[PDB]
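Asker: pasting an experimental structure with its sequence.
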Amino acid sequence: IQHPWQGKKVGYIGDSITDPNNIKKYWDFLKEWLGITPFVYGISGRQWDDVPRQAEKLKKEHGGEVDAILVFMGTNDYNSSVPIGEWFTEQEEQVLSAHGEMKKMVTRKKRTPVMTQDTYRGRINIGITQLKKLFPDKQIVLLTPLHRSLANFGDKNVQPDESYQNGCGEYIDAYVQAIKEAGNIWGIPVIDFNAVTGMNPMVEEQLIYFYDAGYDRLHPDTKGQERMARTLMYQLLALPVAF
Amino acid sequence: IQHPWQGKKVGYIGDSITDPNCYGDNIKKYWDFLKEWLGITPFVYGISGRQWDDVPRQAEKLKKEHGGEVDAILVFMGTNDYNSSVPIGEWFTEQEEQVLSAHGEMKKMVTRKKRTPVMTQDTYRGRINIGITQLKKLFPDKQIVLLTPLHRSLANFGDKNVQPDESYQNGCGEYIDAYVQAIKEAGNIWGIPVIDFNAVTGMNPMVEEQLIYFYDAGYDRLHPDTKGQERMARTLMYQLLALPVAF
Amino acid sequence: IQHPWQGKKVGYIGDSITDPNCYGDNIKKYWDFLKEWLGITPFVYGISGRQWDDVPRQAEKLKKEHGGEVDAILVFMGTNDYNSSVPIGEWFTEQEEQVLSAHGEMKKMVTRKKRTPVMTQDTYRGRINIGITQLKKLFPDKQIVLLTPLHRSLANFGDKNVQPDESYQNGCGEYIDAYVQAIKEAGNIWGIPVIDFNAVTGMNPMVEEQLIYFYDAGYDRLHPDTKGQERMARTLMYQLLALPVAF
Amino acid sequence: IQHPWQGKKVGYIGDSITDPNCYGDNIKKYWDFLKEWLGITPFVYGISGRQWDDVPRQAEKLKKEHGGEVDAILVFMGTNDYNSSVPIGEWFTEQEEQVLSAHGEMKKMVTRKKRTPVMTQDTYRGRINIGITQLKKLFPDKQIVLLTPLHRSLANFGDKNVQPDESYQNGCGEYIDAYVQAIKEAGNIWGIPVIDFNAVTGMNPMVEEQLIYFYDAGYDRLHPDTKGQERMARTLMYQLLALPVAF
Amino acid sequence: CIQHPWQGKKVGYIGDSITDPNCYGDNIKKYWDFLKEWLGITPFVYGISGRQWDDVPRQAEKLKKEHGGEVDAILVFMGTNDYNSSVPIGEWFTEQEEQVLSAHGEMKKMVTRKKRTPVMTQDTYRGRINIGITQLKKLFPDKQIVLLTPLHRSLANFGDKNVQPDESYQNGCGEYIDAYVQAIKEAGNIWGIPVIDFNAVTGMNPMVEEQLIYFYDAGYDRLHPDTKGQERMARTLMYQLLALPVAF
Amino acid sequence: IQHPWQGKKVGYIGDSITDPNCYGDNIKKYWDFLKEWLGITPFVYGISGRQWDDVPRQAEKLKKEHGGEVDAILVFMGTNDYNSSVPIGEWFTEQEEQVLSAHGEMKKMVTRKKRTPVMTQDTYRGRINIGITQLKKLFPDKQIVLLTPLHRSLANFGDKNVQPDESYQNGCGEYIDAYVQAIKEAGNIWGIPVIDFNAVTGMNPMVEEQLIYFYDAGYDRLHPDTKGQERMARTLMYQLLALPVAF
């Protein structure tokens, strides 16, 4: 058997942990190991509300080339205190239904996805919708956000470690779980990177995988990026690219 | 390493999405692609419209006709239980009972809450309890895997067969979700592997652009077309890589 | 693609199901099959009767004896915590705290709930917290994987050691389920991979026909026999395909 | 201090042990003694052979005939549910539902497991659910008290009415215990006071010397005789001292 | 105006040292002595230091013999010594399928039903309770008989051969005092007898140092209540018994 | 007989249902009725929103301000613990210990399992342990009684304070039942009387007809109105008859 992602062209959507612009990124290792041509759209500080824009740029510049897409986003939504929100809104409706006898109008509760940039769930609904609309025939995979600790970049950018809830009373857990739940909600594969990478900066001995123990226990260093890449390599073995 | 399912004989249990007769030769089934790609001989028992209450029968028919040669079994069922408004129900019933127990002192009857699985075909969970029981009973030494139901949209097959899309609850106040999650839950409840097909296939007819994987945008957004079947087959190929057949 | 675990040195932490001495030579253990099939050198520390509170000790002994050569670690523990009625407990305690925060404006002291892991051996989650912490502190750059406990039925080892099947809650009012689920939950809580062995092995002694995978149909439906160990090993072989060893 | 039930009007719901016609005037009933001792006017609705499924009916008749007069209500029922092999059943059914909630942050729909009372005459717990609901609906501002059934022994009334003593389970595998405990449990489940008559009366026909409190040692160790009724009445007199009538 | 139902009645008191008139001699005024004073209740006391539930029949028999025609009610305050002496809890019944005649509308016929039989043995605590309540009801079937649960207890040291750890420890057969308290409470429904949960209602817990004011010796005896404890017990009993008649 | 609580001075510990500030003069509280009926002087410490973790503070304030005057104490707390999703936890922790024991022969060290109460405010049972310890410590010679929380329904107090009715589990997966039962269990665990107010009041807002006892059917089916407070007071009056104050 051969690796299904070997020699494929892949679009990478995300934040600074994916952003090309001191640290060699995971997609660069995959390029070397599996010959995967990378189309990187991840940008520093971006959140799930930026998924549609990144997807659109990918479509515009490489629509006829890209084979698969990986979405690694969400840690910034947590940091920016983006309210989790709701997946759907629901209400009674009347609809034609038939199961053995003449069809007739019946009352059935109907749900409608909440399409808003105001909430995390809303952003995920909008993002996945756009991804499927633009790339309906491609392999699209979501990766959950990594564990994170303290990060201090100046007097206007101070991020407490993950033992703290953010400004809207949520732990990073809610931002990780929403992505995992999106798998069944929208019908899309999810790689639980948060867990499978085995990287947790809350355990100081594992800070060997992060940028600087003194002020940045959020961004992985090259060593962490390589462990992420190797993890992704075997986790992707379970998903085809060419159908 | 070689694919653990290559050259094996597999029983396929399910409904129309597995039925070789679904729309005749106008839809090539996933097990057909697997046969071509991995040399997997298919023993197909899926039949259009069948529900989880039909798993025991299909399992027994598989046992009777190919019990001495089948290597593994895939169960892809449940979307019709949703459409037919089968109440979810509960997994077990509980009650304080006495049982022989010892942890340091002389053994004796002690009272502990005991759970007993609900064996009834009146509920979805009951049907699953009965179905998995029959599967493990007839094929105790085989690799048996459950596949979760696919996302689904509108389906109209005449005035007596009209199925609203999945944004609507069915007749017993449940969304398709309940039937998908019950199968996932069965993994730990019964000790059986589950492939979350609902998610990994990446096929959602609720997004019209992906209707390229379903039969007819006008009246059938429930049954995958050949293109969808091939995507399902390719998905299965790599998802099955994580499970052995020959122990 | 070559198996990532091929030819690696692995540490096996656990209980009797891992212990080389379980029924002596009457049972060939899963790690022995892996040694033969994948050339994986085993450093086994599992010991009969041990619980999650023994994980740090085993991890430390592994570090002391093979720290410079071990490549990966598998933790297969918890069924004894269930039998010994160890309360599940809580993962964290929490309270409002003042912390420096800044998102666009001058940093200021703000009020935010802060959680702290419960580090006690009095509870299951407490033991898991302590265990995973020690594992990560000792082997921060290694591949460490947790395996969930297998389904289990009755066992009668002597006048003072009789263990009811899994349809019964233990002495602290919990089903085996809680001990399986807590390990799965540890995946996201601590950032560690988990192989849901409880489900993927497809071995459930509660279904009599599957007792072919356990040691004694009359007195021990808890410990797998060689046939069960091999099914376990083959399952692990393909489940581990999704995880790298050499980073 | 004066007895809170003195001079009050009370509705008595139950079976033969309450029915004034039980063996005609050969037996003086407990409410009769209470009428004499405390001036409690009785509105009796208990009828021989009635079960908990008849509570709503008796309550409605009481309401219809003395609604504007009755001060309190006593429900002494269940022994016939035992003799008629009425399955205990379940108190509630549960499932995940969406509900508005807020504890510090903006209110929103959250998922929480919700329980719903099982309202059915097919089970004992179901009957209790329906009965108490009706009692509270009809007399929301009254003192309503439940009394657990008395211990019981053999009862033979012809070749077609033979009731084994309480050392035997009934036709649905339950001891009288289950029907007593269900009532005690209803105290907290529904929010209603319960007098454990089963214990406090001190009357157990299973001990032959105490058959002095039952109708006939030869064929009726189920129905109390006048002596037993008086002991019950006196017990009730002091047990009711702990509950107000006029609020 | 309601009168206390136990006023002027004659009561038999069955139990152990906490009931024994000889407990520390005249250094302790017992609960039944206070009830005699407050309610004019004549006490027939049979409690003896160190006795267990296996001694209930003997005490009941002696009560019947000496005061059978005088006694109106009976209180049984026993069990703390069963805990201290590591008496196994045991089982209430044994069960087996039996054939029995039953009829519910149609001609009676033999049917299979599980039948239970109480375990009558002095080898276990539950067995002793079965034997004890049976004898109490056989001897005094028309009397008010009430069971009292054992009191919370702490350390006690009565010499080189009599040392009792506090209730935070299991006894010699792996049981906490809890098991001996609960078995009595359960007997209420099992046998049809009222039980006053003295263990809780007295509000006396020697495990809380500040409440040792109710026990005899802070340094050597946190098991036996002192007069102050006996009075709180009696006063508690006075109002708890208000709920039970004596004269039927 | 005279009421044992007549003319006594009582401390009332609890939450808003006890707090005199609850809706101010719009609600006359239970202790106010008891003052008028039995001449009981009230020393009220209950405060809106408080939980069992506040019992030690309220007990100490009562001690400080009325320690030489108070005769008895009632503790009516817990409903907010439910609302605030406080985990139930465990009563004790256990460990094998060596202790001096003698039963007929020369004393010596033996191995016995020893339990230690959990003294943490992180769990409900821990809070009860801490609270009852404080109560008995400061008032060792007083009559102290616990009252179980009342049945409750929905409450909506603004955008950030919305409480679902009791048919829903709280934020930590527990029904109100758990917080009611733990208090009942405290009786034997700590040796303290418990009045099961949850049942004896007969007040259940889940039965709409009984909402006559609660503040507002529209937004407050949690707090009893004056009519509810009076029924509660009347219930307490006769329930307290079984407990002495002056020993």
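Answerer: Yep, that arrived. Numbers count the residues shown, from 1 in each chain, chains lettered A, B, ... in the order given.
Asker: so who does residue A:94 touch?
Answerer: Contacts for residue A:94 (CB atoms under 8 Å, 6 or more residues apart in numbering or on different chains) come out as A:105, A:106, A:107, A:108. Any C-beta I mention is one placed from the backbone N, CA and C, and that applies to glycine too.
Asker: for it, which three-state class applies?
Answerer: strand (DSSP: H, G, I helix; E, B strand; the rest coil).
Asker: would you mind measuring from it to chain D?
Answerer: 21 Å (CB to the nearest CB, to the nearest Å).
Asker: in strands, which of the contacts of residue A:94 appear?
Answerer: Using DSSP state E, the members of the contacts of residue A:94 that fall in strands are A:105, A:106, A:107, A:108.
Asker: which of those are buried?
Answerer: residue A:108 (16 or more other CB atoms under 10 Å in any protein chain shown).
Asker: next, residue A:37: phi, psi?
Answerer: Torsion angles at residue A:37 (phi, psi; degrees, to the nearest 10) stand at phi -70, psi 120.
Asker: re earlier: got JSON lines for the ones in strands among the contacts of residue A:94, with distance to residue A:72 too?
Answerer: Compiled in JSON lines, the ones in strands among the contacts of residue A:94 are given as follows (distance: CB to CB, whole Å):
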{"residue": "A:105", "distance to residue A:72": "46"}
{"residue": "A:106", "distance to residue A:72": "43"}
{"residue": "A:107", "distance to residue A:72": "42"}
{"residue": "A:108", "distance to residue A:72": "38"}
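Asker: near chain B too, which of the ones in strands among the contacts of residue A:94?
Answerer: Applying CB under 8 Å from any CB of the partner chain to the ones in strands among the contacts of residue A:94, one finds that A:106, A:108 fall near chain B.
Asker: report the two of the ones in strands among the contacts of residue A:94 separated the most.
Answerer: The span of the ones in strands among the contacts of residue A:94, defined through CB to CB, is set by A:105 and A:108 at 9.8 Å.
Asker: identify the contacts common to the two.
Answerer: In contact with both residue A:105 and residue A:108: A:94, A:95, using CB under 8 Å, 6+ apart.
Asker: could you pull out the strands for chain A?
Answerer: Listed in chain order (using DSSP E), the strands of chain A are A:9-14, A:37-40, A:68-72, A:88-99, A:104-113, A:139-143, A:151-152, A:157-159, A:190-191, A:210-212, A:216-220.
Asker: which one of those lies nearest to residue A:204?
Answerer: Of all the strands of chain A, strand A:216-220 comes closest under CB to CB, at 8.6 Å.
Asker: near chain D, which residues of chain A are found?
Answerer: Residues of chain A lying near chain D (CB under 8 Å from any CB): A:83, A:85, A:86, A:90, A:168, A:169.
Asker: which non-adjacent residue is nearest whatever residue of chain A ends up closest to chain F?
Answerer: Residue of chain A nearest chain F, by CB to the nearest CB: residue A:169 (10.2 Å). Leaving aside its sequence neighbours, residue A:169 sits nearest to residue D:105 (CB to CB, 6 or more residues apart in numbering or on different chains; 4.8 Å).
Asker: if we can go back for a sec, if I look at the residue of chain A closest to chain F, how far off is chain E?
Answerer: 39 Å.
Asker: contacts only, for that residue.
Answerer: C:113, D:104, D:105 are the contacts of residue A:169 under CB under 8 Å, 6+ apart.
Asker: any idea what the first one is bridged to?
Answerer: On the basis of DSSP bridges, residue C:113 is bridged to residue C:96.
Asker: next one: it from chain B, what distance?
Answerer: In terms of CB to the nearest CB, residue C:113 sits 30 Å off from chain B.
Asker: cool, the last one as well?
Answerer: Counting by CB to the nearest CB, the gap from residue D:105 to chain B is 26 Å.
Asker: over to the second one?
Answerer: For residue D:104, the distance to chain B equals 29 Å [CB to the nearest CB].
Asker: what residues sit buried inside stretch A:72-81?
Answerer: Applying 16+ other CB under 10 Å to stretch A:72-81 flags A:72, A:73, A:74, A:75, A:76, A:77, A:78, A:79, A:80 as buried.
Asker: same question for stretch A:128-139.
Answerer: Those would be A:128, A:129, A:130, A:131, A:132, A:134, A:135, A:136, A:138, A:139, for stretch A:128-139 by 16+ other CB under 10 Å.
Asker: again, but for stretch A:183-197
Answerer: In terms of neighbour count (16+ other CB under 10 Å), stretch A:183-197 has its buried residues at A:183-197.
Asker: so which of those residues is the closest to chain E?
Answerer: Of the buried residues of stretch A:183-197, the one sitting nearest to chain E (CB to the nearest CB) turns out to be residue A:195, at 40.8 Å.
Asker: enumerate every residue touching the closest one.
Answerer: Contacts of residue A:195 (CB under 8 Å, 6+ apart): A:144, C:187, C:188, C:191, C:192, C:193, C:194.
Asker: now do 10 Å
Answerer: The contact partners of residue A:195, taken as CB atoms under 10 Å, 6 or more residues apart in numbering or on different chains, are A:144, A:146-147, A:176, A:180, C:146, C:184, C:186-194.
Asker: same check on residue A:21?
Answerer: A:40, A:42, A:43, A:44.
Asker: buried ones among those residues?
Answerer: Among the contacts of residue A:21, those scoring as buried are A:40, A:42, A:43 (criterion: 16+ other CB under 10 Å).
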